[PDB]
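Labels A, B, C, D, E, F, G, H, I and J are assigned to the chains in the order they are written; within every chain, residues are numbered from 1.
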Amino acid sequence: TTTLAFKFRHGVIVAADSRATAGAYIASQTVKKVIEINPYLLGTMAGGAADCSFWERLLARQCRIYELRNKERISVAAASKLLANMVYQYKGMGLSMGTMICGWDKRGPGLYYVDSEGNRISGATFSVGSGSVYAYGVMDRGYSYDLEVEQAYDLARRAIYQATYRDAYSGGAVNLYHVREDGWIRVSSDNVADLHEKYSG
Amino acid sequence: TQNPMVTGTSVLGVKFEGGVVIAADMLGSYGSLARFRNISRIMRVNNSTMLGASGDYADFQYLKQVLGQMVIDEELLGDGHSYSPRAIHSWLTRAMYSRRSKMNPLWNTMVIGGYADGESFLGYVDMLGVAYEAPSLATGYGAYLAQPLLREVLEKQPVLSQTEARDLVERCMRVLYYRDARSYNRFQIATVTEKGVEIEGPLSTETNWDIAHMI
Amino acid sequence: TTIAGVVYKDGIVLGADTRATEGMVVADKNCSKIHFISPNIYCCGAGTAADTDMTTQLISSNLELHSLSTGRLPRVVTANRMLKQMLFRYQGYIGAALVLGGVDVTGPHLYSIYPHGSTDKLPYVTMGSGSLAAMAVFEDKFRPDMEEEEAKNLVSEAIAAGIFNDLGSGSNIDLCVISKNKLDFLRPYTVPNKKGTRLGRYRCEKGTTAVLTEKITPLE
Amino acid sequence: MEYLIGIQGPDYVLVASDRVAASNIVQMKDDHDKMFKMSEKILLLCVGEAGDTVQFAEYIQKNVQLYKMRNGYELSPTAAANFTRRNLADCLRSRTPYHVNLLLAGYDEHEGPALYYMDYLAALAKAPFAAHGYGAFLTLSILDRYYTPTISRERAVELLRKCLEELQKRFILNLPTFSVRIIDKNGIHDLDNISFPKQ
Amino acid sequence: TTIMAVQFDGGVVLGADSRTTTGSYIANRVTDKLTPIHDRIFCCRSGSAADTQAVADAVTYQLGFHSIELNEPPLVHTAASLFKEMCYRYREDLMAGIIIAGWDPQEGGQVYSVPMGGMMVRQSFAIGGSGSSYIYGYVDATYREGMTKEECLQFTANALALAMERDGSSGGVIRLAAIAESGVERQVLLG
Amino acid sequence: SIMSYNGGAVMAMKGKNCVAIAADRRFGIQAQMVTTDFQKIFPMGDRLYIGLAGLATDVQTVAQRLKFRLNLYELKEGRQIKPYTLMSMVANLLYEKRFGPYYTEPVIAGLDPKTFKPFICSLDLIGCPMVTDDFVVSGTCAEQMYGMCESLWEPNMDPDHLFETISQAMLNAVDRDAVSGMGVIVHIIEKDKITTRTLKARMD
Amino acid sequence: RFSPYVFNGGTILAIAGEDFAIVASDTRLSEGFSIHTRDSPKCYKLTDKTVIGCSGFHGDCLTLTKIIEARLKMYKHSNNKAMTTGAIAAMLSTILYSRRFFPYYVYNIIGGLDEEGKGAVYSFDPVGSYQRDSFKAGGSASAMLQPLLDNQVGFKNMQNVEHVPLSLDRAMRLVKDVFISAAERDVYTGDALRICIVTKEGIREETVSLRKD
Amino acid sequence: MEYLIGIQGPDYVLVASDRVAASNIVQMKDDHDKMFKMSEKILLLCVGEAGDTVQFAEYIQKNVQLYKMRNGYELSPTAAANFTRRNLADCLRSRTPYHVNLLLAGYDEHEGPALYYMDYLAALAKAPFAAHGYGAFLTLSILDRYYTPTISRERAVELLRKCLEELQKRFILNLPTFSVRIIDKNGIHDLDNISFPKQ
Amino acid sequence: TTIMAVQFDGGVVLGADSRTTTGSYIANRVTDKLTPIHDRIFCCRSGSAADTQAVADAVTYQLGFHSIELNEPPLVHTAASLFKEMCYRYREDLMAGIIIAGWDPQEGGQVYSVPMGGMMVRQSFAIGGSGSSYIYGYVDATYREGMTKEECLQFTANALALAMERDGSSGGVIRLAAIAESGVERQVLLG
Amino acid sequence: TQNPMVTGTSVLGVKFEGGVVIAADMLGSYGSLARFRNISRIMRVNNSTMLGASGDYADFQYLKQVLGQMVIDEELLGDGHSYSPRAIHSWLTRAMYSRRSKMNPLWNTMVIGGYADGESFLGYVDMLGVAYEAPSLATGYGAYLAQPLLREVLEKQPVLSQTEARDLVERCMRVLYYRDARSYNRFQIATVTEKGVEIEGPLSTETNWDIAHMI
């Protein structure tokens, strides 16, 4: 399990792997972890499949209710707040959830990080998962704000490649989503071995 | 029930051509002490189906009460419609599952035997709600001991006559008398046909001990 | 695992089933559970396999030593006494469910050993995990002083019922017959379960796998 | 774990928390803000289980703003402190307890400045200077050598500078940047962000 | 399981069920629960099986060697003392319900009892086994001082009959042993 | 488990006149890998290898201990060792630690020293031998390699199809496995020569 | 004491085709070291285009089957139309999360046709996630069956092997081979095989025996 | 707790430990030394339970010096590594186990440079670069991003400079100063002590 | 502790020890262990004391109310059903050894037994209590079908005598109860 | 012994003018079942001292054996010198302490009574080695029940006669028969003087039950 997110000048980059194991046994290789909440929101899957899926689906429901009542699109912080408030009512009952919330705002870029421990926080760079520390390392090597587009793509792709190369619980297809001012756009879904051939030299 | 106080023991049932025979013994042992050596462990339900059980005897009295009340109610409807034995099986499965869902299980092991509308029926109900149909059922240690005789003869011959079935049940109860510690030489055979439901009396076994003269 | 023992009019007919499971997966389809002790005494094991193996090889060594020291045929009761003394000396730590059988000058003698050190002489025993089905077949259809083919059919029936009940074996039930003169040992006795023929040729080809680094090392 | 000092002056209150929002291996966020402006002269700090911190901040902050819109005027620091202590004492003996460590910093027109001190067991305190965490341990001694009740604010800033310079010398955690507020007869004035290059 | 020893004027009379069980499954249907040690001395066992088998074998060893060195028939109290020492020394690991009885030339028929602890006592009658509480209920009811041999046989027959009938572990078939000055007379009864 | 502390997978497969042994390359602590060149297949004389899987400590210790006893045997007696003899030696070495057990599952694959007869067997963590005819496996992943080899094995195999069959089996069972991966080394040996090939496995 | 779960075992397979969804399962129901029956089909025919298989704890399988049938009839008697496949998948996910804090111990595979008339296999987990995959093997023999399907369906780890669309009878001989080959090594697999085939014309069934141990 | 890094080159080994000897709240010693010169071209590092570290240094250091004084020559790094592994594997299965985390850095005249890697379960490794700790995680992503087997020593020093500068960015512990060695065809040359002013 | 109820042709016969103990100390030396409910129906209890006392009081309440509303004498099986319902519905916290007996005009003398579980059965004789196993050992030996009143009194007298003599918890003093069509005749024996 | 199998019960002992009387009963209960209702729980040591004990009876047999051997050895020295009772008390205390130091205690509660050279002696030995002298000892529940009667009469009168002491022992044993669950109406009284050591027979108690005719 390794996810990351970082926002910059030209919007937000979100990438993830697609491996979801079960103990020592790999269930699948193509688990789409970045849950597409809206045409303007992207939620993730960070620890547990059902909890992340359910609560983000319920949050998408709630956001759609808010827009259809006010004719005005919800902000990012409000959505993160609603998610944290809904998650807090089962604290200690054994929910594992460390998802991230990304989107574009009236304020512009928005990047939050919501835990099952309720650690709703803002920030500029994030990485969640078992091998998240690897992404922190190589990302905080290559991070800036004034980056280009293909540079940020290469940064995220290299990051997920190094993370899945070291960690054992990560692998599969590398998703890559890009949040713009208008809406998010899937960039590519790249396999590990193709990246190994391309970046091994 | 968290702790079963007064348990029965294994129940045997097998179909034959147009009927189901069920036999269980008549012992109410507590721990190792065979405290209640004259009890009835088969209820003769109205005219088609017939029930036998294991586990806690008090729970069997309770389900005896509830099923009796339900059967009395449908018979007092006066509509000419009865419960099929499979309907009884479904109701009992839902009852056991709703018992264990509330973390208060009925400690039992029940066998439902019935013959209605040309077809025999022999259903199983576990404590956990595990429930299925089978051409021959065996509970407790009977599934370990008298089950392979049933599965031998039914593989060798899938249908039976009433005499062969009754004799096979007699042999299996003899074997259970040989090597179940919770067993007793007094059992009753219960039988359903299209002619009604009949409970035979407290039969016994004929034993052998000629291996004891060896050292 | 379902081993059994019986005494017919002259000797002992032993049977076994050879599925050596390790947990929940069938790890073996042919595992010799009938072990050598002496020219007249054999043994079957159950439970922990390597404990039974090492113990039965040690006791067979000791009885070979004693028999060659004596100069005549061994006795079964000596094997019984050594086994029960060893298993009680390990205080029931070693789990070794044993069936002991042989024919002495006094005749056939069958012993079953429970792994703490409690032993019994019986005309018929069953041991193992599915021993209950074979004991059902024994208690149904045993009579004193059976003949040879009668006893073989009975033991085959018992182990067959143990195989049609759970944790038997895929194997072709092994048998062994000890008499006053003739020792026999029959591995592929009866194969009831033929494997189904394959339905497609899922054979790989000469190059379907990428190779990174080859090496050749010649020899003599 | 983390740290916030609570120095009281003659007519000012010097509070300074950190900006660290770490999670158990990595320091996820280095510009975190634990400072919760309740009213025009009342501050609030919070340390504990980090899902409870935000929910307590919501409850207290919005109910005090509600009081302000109701009656027409600002609370005393004392009544706010007692109300927080009361809500801890009610929330403790339930199925949902809070494990937070607070202290309150206010300013009255009549009482002047005021410092209080909570705990995860709902204890009021009227303290000259408070702290939390393990730097609590080191720093209150460091602070308790060099205290004067009639101390000027630049002496307090220099004293806090010295206290931080001795925090970065024998402490195991990182704590790179500290944000610093001050309270006066005017209100809440934010001082410059206080970090150190160590070596 | 349920073991019993009754003395009379001439000698002693023993008795047991068979039914060696493990949990709720019967491992063995017929068992020599009573064990010869000397030609005039028996012991009948309960508790764990392997413990009593190994103890009885070692007692057979020591007592046979000692009685050969005396060149005299051994005493019963001697064998009871041997069981006392070996039971008490490993009370931490053994579960023995050993009851020693046997005719002696010097002292006639005697019955000693050694329970799970390791104490030793001489009794006129003894019970033993997990299903012995019941006939221990009425062994102080039916007993009469000064029985004959046939009264002791009928007595222990009724005793082990009711114990086998009631207790789940007990049952099987009745084995008897009669020890006197003349001989040892064993038989297998049912009823 | 304790067997799943460092991962590991060893497959041996008997062919027609030859035998093929393969293993994985990954070494690491429970979720953190370390290297891709940890050796698990050791030469014990000519045309006979052994593979060790499980905890790496007992792997290196038992391999060095076995090499110790092996050289003492081959110097007291000039001939080289028959495979049943090696099996009995490994069984005795593991059973000496009956209650202090090593955590390993040795797999022996070798040819006959006199004839060209192949040999496979496997042992447990206390010394239970098992001789078979098709294949033996060990390590954390078991059911994967059982399903693959029971799917793909034929009795009479030329060494090329032997190599490709064991190749696909190891690749697929490793790709399904989590803690054991990061390359495969394959030793395919016969009477004439010894071939060692490394496959392009997924580094994921 | 009373333990609320027990392991009944079982093996469920699914194959999503171009215009077919094959779901097959053995009919052995066992417990521990015994056999309860040799006829208990894990497959269930919901609609004309939907077949569900349920393994794991048996009572929860039966209960879940009956609840799904009830809600199917509720949707039909409310909205004049049958459900799709993905709606049933979503509903099952809502149910499995609606008993989150006392879970069903049940693996689930729904095969069926989509609204385009193509095969679709929706896998599940005990807690309530799902995804549209081409093939799954659930139950005790999951690890015995996934890599061979990775080799054959996915054509993985092979070189210069082109991709042929999976036909019907090819899928049939595949299913027969994998159940025989898995029944050689499993202890929770055998005694029958109930193969369900979903076409554009209905549901077909087919009974193939196995080894009797 | 901490980590000491071990970068291998073409003809050199770049090892670098820290200087921290803290105890659970306070940093008692800020110039600690974990570097143990076994021979003229063989180094050894150690991290673990700090009562076992010193006893390993005594045993290994002095027994290797005993071999050197006995026979006439220096060990290979390989035999030394195996000897340490053997003493771990022997001391493990007793009533007194040792819980240390080593890595070995040597230099042969024939084999050239060599890097090894222990664990608290006595596992040998022939590594391009080793890791332990939490800095294991962080330093191995950054280092495994930027590695070339034919790398010059100043590129390795610059890479290590960058890696430490990214260690002081998201780590919770302090780690102010790292000492750095190098091994060449000559011997053990100490480079300058590497600290940073952070902010 | 040890309680007993035996029916005969005319009526039933009860009996109990007294000796309410707590641990190894006797808290109370003499106890009415048997309790009147109706004028013709008794019950004797075991297990915990407070549980059986509160249950018996509630049964007295409900049974008196029901039998007054019928304006007919109550049945015995009815009171057995009341104990069955209250025991089975709220088992889990109680330890009741309730034994119901009493003469009836329609059905004569009847004896019902409710053990710690909550099952209900009609018996011809009953034991109850922790020291009841022994006389349960021989109550199937000494019983004869068709006793008189005096045979039942002597029978239960010998029973409770041996039970009080043997069991450590049992003892105290002997209380008897004779219930018939005529009247209720209670007596207390001592020595 | 970690778990006592067969326990005795309370032992009573008290000095008087030129002698010590000790009385204990004869019951060998296992759990609650009074399995051995005729046993001896007092060893009559040679001519002066005298022992009574509680707890596990097997350990009492063991100490009987060891003390018998020691007394036989000194009497076979032929020197005319014996063990004082206080020396025996010291030896037993050291024995129990060295026993319990190895974490394998002797589950006992022993009382040593002796009369030598004009002076009486009455010593106590606990399982833990706690040991002292007293004018009246009481073990088990006797220290809870019959201790205040002894301490009442000894406060009202510090010395006694033999008849008064024996009568008081009889009353205390009557009370212990009334309300000890592990008690039995058969006890033996043992008495030492300068005239030797005497073991009286299995006496009994005379009880009252006139409170039972009340409700």
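One rule holds for everything that comes next: a contact is a pair of C-beta atoms (placed from the backbone, for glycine too) under 8 Å apart; a residue touches a chain by one contact, two chains touch by 3 or more.
Here is each chain with its UniProt name: A = Proteasome subunit beta type-5; B, J = Proteasome subunit beta type-4; C = Proteasome subunit beta type-7; D, H = Proteasome subunit beta type-2; E, I = Proteasome subunit beta type-6; F = Proteasome subunit beta type-3; G = Proteasome subunit beta type-1.
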Where is the C-beta contact count highest, in terms of which two chains? C-F
CA centre of subunit I versus CA centre of subunit J: separation in Å? 41
Chain centres from averaged Cα atoms put subunit D and subunit F apart, in whole Å, by 63
Quick check: how many Å separate the C-alpha centres of subunit F and subunit J? 73
Subunit H to subunit I, mean C-alpha position gap in Å, rounds to 83
Multi-partner residues in subunit D (2 or more other chains touched) are 25-26, 28
Subunit J: which residues touch two or more other chains? 33
Going through subunit I residue by residue, note those that touch at least 2 other chains and give them in order. 133, 136, 166
Touching pairs of chains, which are they? A-D, A-F, A-G, A-H, B-C, B-E, B-G, B-I, C-E, C-F, C-G, D-H, E-I, E-J, F-G, F-H, I-J
Can you name the residues of subunit H that touch subunit A in the complex? 134, 137-142, 144-145, 162, 166, 169-170
Within the complex, subunit A is touched by subunit D residues 21, 23, 25-26, 28-29, 32, 49-52, 54-55
For the complex, which residues does subunit E have touching subunit J? 84, 88, 91-92, 115-121, 133, 136
For the complex, which residues does subunit J have touching subunit I? 29, 31-34, 141, 178-182, 209, 211-213, 215
Per the touch rule above, subunit H residues touching subunit F in the complex are 85, 89, 92-93, 117, 119, 121-128, 130-131, 136-137
